[PDB]
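Heads up, the thing below is written out as structure tokens.
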Amino acid sequence: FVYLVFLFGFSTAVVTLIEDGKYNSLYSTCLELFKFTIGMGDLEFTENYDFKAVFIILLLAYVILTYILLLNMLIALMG
Amino acid sequence: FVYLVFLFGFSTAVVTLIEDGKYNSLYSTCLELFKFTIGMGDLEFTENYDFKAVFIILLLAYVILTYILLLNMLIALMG
Amino acid sequence: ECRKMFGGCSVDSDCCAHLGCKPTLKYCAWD
Amino acid sequence: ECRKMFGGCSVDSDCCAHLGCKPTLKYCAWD
Amino acid sequence: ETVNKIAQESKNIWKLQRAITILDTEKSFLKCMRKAXXXXXXXXXXX
Amino acid sequence: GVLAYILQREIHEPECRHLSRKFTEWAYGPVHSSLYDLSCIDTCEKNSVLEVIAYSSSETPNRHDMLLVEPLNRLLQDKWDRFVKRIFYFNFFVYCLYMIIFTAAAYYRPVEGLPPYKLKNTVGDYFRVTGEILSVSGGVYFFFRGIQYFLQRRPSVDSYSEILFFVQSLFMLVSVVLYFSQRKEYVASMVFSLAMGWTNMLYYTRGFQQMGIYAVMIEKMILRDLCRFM
Amino acid sequence: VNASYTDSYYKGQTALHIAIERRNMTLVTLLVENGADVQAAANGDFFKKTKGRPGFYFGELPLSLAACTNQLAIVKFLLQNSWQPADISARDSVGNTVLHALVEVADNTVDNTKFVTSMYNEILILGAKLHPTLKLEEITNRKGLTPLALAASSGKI
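Here you go:
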């Protein structure tokens, strides 16, 4: 539920910000974002990106926080 | 034993679903799947994929669960 | 066969040529 | 439009052709 | 540790925070007509 | 211990009744009943025992004070089981729609061009425009609500969540001024606003023991551990 | 002597209930002799599980009360007296007999078990002494549960 909220909100934020390529869709973008949460991602490709400096920062915010607090927080719960 | 069951079942499910490329073999597909369990993978390439929307979902199911419950569950056991 | 424009590739696509399956809708979009 | 040389792409760039946005300054640099 | 401590607290933490949520709403709810006797049904023996 | 003593320090002797906080009188062979005065709920203009308990933070002995009963524990259940729980969900649901709208306009915003001119014609130009106005209007409420919080108590982490709400609403306002200014860059600010609001939304779950624990833990990671490591 | 409370709280409570609640042989004795109904069910919210209200359930009938509060002598006097012997097998609103109520009153603490356990014993010894034909432990509460099966349904180990 929590990851879904964080992921969903972040995906919505991305969808508005730059359609770019493969981020045009919410179903695809969410898949793109989930891949990031799992910890497999390709980072700062940028190319064809608007507010990329703005955007790279957004990716740093979302990816870092998600790996850092949700996954560890769930994982901490798991032991 | 448990990972082998989960991995084996998932591999069998994939082998039927779309031969595609490099998924045609069980020995290769298992290797492809084990790589995913180790946490090194390339995600949502899709290309030449049938039921990819069906398939991406399957990958999300298997990869997420495997990283999420077996690895952590074994790792939780380890401490 | 090939799922022309507006053709849904959940399975059996096989999306035509100019078309490409985008993994949300599962329909085939081109251009 | 295209943010020529010294053009800042925080948003709306769209950096010109010979230029490329480098993700620190957000200005457009080329060459 | 923060997760563990939060877990040990969280029956209690969950309790205190709620009260704060209730209080703020009560203050901002226009101080509209609302309750304003407490007793607790009890049964321990002790007998 | 003393707080509990002062509220519940029931007295029985001639002249006892005027002094006492709690009277309990209902026992069956098993069974017992306790009655509480209760003054703390009564205190208002002064911060009061109840008010202090409601407000008090970062002391670190709090778990105990909140726990105090019957009234503090008893009072809350009476306040909320009867009506409060219903009120909060309506607030949460109302907030959620505001979020769907803020994202929807942002998701479907027209590339243009920057800001105006906007045609505002037809359903396509009509639905989005309503959303944009609605989202800004949604933005004002947070700004107005926040100012009172700053205004009611100017002096001085905690409260962590209210503080975030003010930041996001302001961010939207910055975007709106930009939109009137009409610079393209204004989006980026809005984009922060859309995501921040969504992350904020997760707060409403609070007051739920499973859920309340998670939000608290996240807040803890960010005030302390993340902040320290960063 | 048999008038009862009618408010939702203490509903059905009689003077005899109170005498027992107060552990007062003398007043139990007196009330029974002036004809207190020994089968009167105190069934108001004060005699069921806490809202919290609370509290507290034993259910209902004087015998059940006298046992659940660990008051052997009065259990005996209820069942053995000249004036009205208690019906040892009566069921409360929920179908519970004194054996059911005892199971309900257990809380898995060592001294709790100990007292319930032997008051239970005592009831059976009295059943077999006074009314030998009665298979007490077979009697089902509303939900179809023997005392044993209730015990096990509610983890009263």
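Residue numbers (this note's numbering), protein chains in the order written: chain A, 5 to 83; chain B, 5 to 83; chain C, 667 to 697; chain D, 667 to 697; chain E, 7 to 53; chain F, 156 to 385; chain G, 428 to 584. Note that the Cβ used here is the ideal one computed from N, Cα and C, for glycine as well.
By DSSP, does residue i sit in helix, in strand, or in coil?
| i | result |
| --- | --- |
| residue 487 of chain G | strand |
| residue 696 of chain C | strand |
| residue 187 of chain F | strand |
| residue 25 of chain B | coil |
| residue 193 of chain F | coil |
| residue 269 of chain F | coil |
| residue 493 of chain G | helix |
| residue 682 of chain C | coil |
| residue 533 of chain G | coil |
| residue 467 of chain G | coil |
| residue 668 of chain D | coil |
| residue 687 of chain D | strand |
| residue 180 of chain F | coil |
| residue 546 of chain G | helix |
| residue 302 of chain F | helix |
| residue 524 of chain G | coil |
| residue 66 of chain B | helix |
| residue 218 of chain F | helix |
| residue 81 of chain B | helix |
| residue 674 of chain D | coil |
| residue 12 of chain B | helix |
| residue 211 of chain F | coil |
List, in chain order, every chain F residue whose beta-carbon is nearer than 8 Å to that of residue i.
| i | result |
| --- | --- |
| residue 60 of chain A | None at all; the shortest Cβ gap to chain F is about 12 Å. |
| residue 23 of chain E | 361, 362, 367 and 371 |
Tell me whether residue i is buried or exposed, calling it buried when 16 or more other Cβ atoms sit within 10 Å of its Cβ.
| i | result |
| --- | --- |
| residue 176 of chain F | buried |
| residue 320 of chain F | buried |
| residue 29 of chain B | exposed |
| residue 25 of chain E | buried |
| residue 161 of chain F | exposed |
| residue 475 of chain G | buried |
| residue 199 of chain F | exposed |
| residue 240 of chain F | exposed |
| residue 444 of chain G | buried |
| residue 15 of chain B | buried |
| residue 362 of chain F | buried |
Taking C-beta pairs closer than 7 Å, name the residues in chain A that residue i reaches, listed in chain order.
| i | result |
| --- | --- |
| residue 670 of chain D | Per Cβ cutoff of 7 Å: no residues; residue 670 of chain D is ~16 Å from chain A at best. |
| residue 285 of chain F | Neighbours of residue 285 of chain F on chain A: none; closest Cβ ~17 Å, over 7 Å. |
Spatial neighbours of residue i within its chain, please: C-beta separation below 6 Å, excluding the five flanking residues on both sides.
| i | result |
| --- | --- |
| residue 432 of chain G | 438 and 440 |
| residue 490 of chain G | 505, 513 and 525 |
| residue 270 of chain F | 334 and 337 |
Using a cut-off of 9 Å between C-beta atoms, extract the partners of residue i located in chain F.
| i | result |
| --- | --- |
| residue 448 of chain G | 182, 183, 184, 185 and 186 |
Using a Cβ-Cβ cut-off of 7 Å (strictly less than) and excluding sequence neighbours within five positions of residue i, which residues of its own chain qualify?
| i | result |
| --- | --- |
| residue 435 of chain G | 471 and 472 |
| residue 501 of chain G | 447, 452, 455 and 493 |
| residue 260 of chain F | 283, 286, 287 and 290 |
| residue 667 of chain C | 680 |
| residue 540 of chain G | 533 |
| residue 669 of chain C | 675, 679, 680, 681, 682, 685 and 694 |
Name the chain D residues whose beta carbon is nearer than 7 Å to that of residue i?
| i | result |
| --- | --- |
| residue 339 of chain F | 677 and 678 |
| residue 342 of chain F | 677 |
Please list, in chain order, the chain E residues whose beta carbon lies closer than 8 Å to that of residue i.
| i | result |
| --- | --- |
| residue 8 of chain A | Those do not exist, as residue 8 of chain A stays about 20 Å from chain E at its closest Cβ, beyond 8 Å. |
Name, please, each residue of chain B whose Cβ falls closer than 8 Å to the Cβ of residue i.
| i | result |
| --- | --- |
| residue 694 of chain C | The premise fails here: residue 694 of chain C is roughly 11 Å from chain B at the closest Cβ pair, so nothing lies under 8 Å. |
| residue 83 of chain A | 80 and 83 |
For residue i, which residues in chain B fall below 9 Å Cβ to Cβ?
| i | result |
| --- | --- |
| residue 79 of chain A | 72, 76, 79 and 80 |
Residue i versus chain D: which residues are under 8 Å apart at the beta carbon?
| i | result |
| --- | --- |
| residue 50 of chain A | 687 and 689 |
| residue 207 of chain F | None at all; the shortest Cβ gap to chain D is about 47 Å. |
Kindly list, in the order they appear in chain F, the residues whose Cβ is closer than 7 Å to that of residue i.
| i | result |
| --- | --- |
| residue 29 of chain E | 209 |
Can you give me the Cβ contacts of residue i inside the same chain, cut-off strictly under 8 Å, excluding the 5 residues immediately before and after it?
| i | result |
| --- | --- |
| residue 355 of chain F | 316, 319, 320 and 323 |
| residue 40 of chain E | 32 |
Could you work out which residues of chain D lie near residue i, taking near to mean beta carbons separated by less than 9 Å?
| i | result |
| --- | --- |
| residue 55 of chain A | 675, 676, 677, 678, 679 and 692 |
Evaluate the contact criterion for the segment 23-42 of chain A versus the segment 678-689 of chain D: three or more CB pairs, one atom per stretch, below 8 Å. no
For the segment 289-297 of chain F against the segment 47-58 of chain A, are there 3 or more C-beta pairs whose distance is under 8 Å? no
For the structure I just gave you, are there three or more beta carbon pairs, one from the segment 180-187 of chain F and one from the segment 203-210 of chain F, closer than 8 Å?
no
> Touching or not, the segment 189-201 of chain F and the segment 220-237 of chain F, by the rule of three or more beta carbon pairs under 8 Å?
Replying inline: yes
### Query
Is it a yes or a no for the segment 367-378 of chain F touching the segment 15-22 of chain E, going by three-plus beta-carbon pairs under 8 Å?
yes
Any chance the segment 66-73 of chain A sits against the segment 371-383 of chain F, with 3 or more Cβ pairs inside 8 Å? yes
Q. Does the segment 312-330 of chain F come within contact of the segment 270-281 of chain F, defined as at least 3 CB pairs closer than 8 Å?
A. no
Cβ contact (3+ pairs, closer than 8 Å) linking the segment 571-583 of chain G and the segment 518-533 of chain G | yes
The segment 248-259 of chain F contacting the segment 346-360 of chain F, beta-carbon criterion three pairs below 8 Å | yes
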